[PDB]
């Protein structure tokens, strides 16, 4: 018989969210950047690390999701806009450094070239050696290797996610 809710249209599992947020160092004194907070399941896991709400910036394109997030997570710095346009959402880069970037934007909705460019820009805004972590569902990295720009590491696999979730980390080369 025919299954409903095909693909990834239900919120990410709390087990997946906890592993994504485990890359954070809550003692670095640097804020955290979240992309695509949606219903807030990863937001919650980030705050559970002890990140002050004002030190979490989260960029959400959906205005409906954004309005609900403001009411559900007081004090978090939510931004309503496009994560691929960091100049418009974060401002032109003038020195702000994030501890790490936690990304659940649906990479496969965008051309490969845009994904590469976004990753190269995010890695400018974290200290050399700190990570971007990204969730995806295929067997390979949602962003193809460019070894002169970044290094790709497989981070974890969560079979109880619907559908099963791959986590990848990226650091500057």
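Residue numbers count along the first chain shown, from 1.
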**Request:** Please work out which of 128 to 136 and 50 to 58 has the higher mean CA B-factor as recorded in the PDB entry.
**Result:** 50 to 58
**Request:** Using the B-factors recorded in the PDB entry, average over the C-alpha atoms of 150 to 158 and of 5 to 13, then report which stretch comes out higher.
**Result:** 5 to 13
**Item:** Relative C-alpha B-factor of residue 107, binned into the chain's lowest, middle or highest third
**Value:** highest
**Asked** Based on the entry's values, in what third of the chain does the Cα temperature factor of residue 101 lie: lowest, middle or highest?
**Response** lowest
**Request:** Consider only the C-alpha atoms of the modelled residues in this chain, order them by B-factor as the entry records it, and name the third containing residue 40: lowest, middle or highest.
**Result:** lowest
**Message:** Looking at the temperature factor on the CA atom of residue 29, which third of the chain's modelled residues does it land in?
**Reply:** middle
**Request:** Please rank the C-alpha B-factors of the chain's modelled residues and tell me whether residue 121 sits in the lowest, middle or highest third.
**Result:** middle
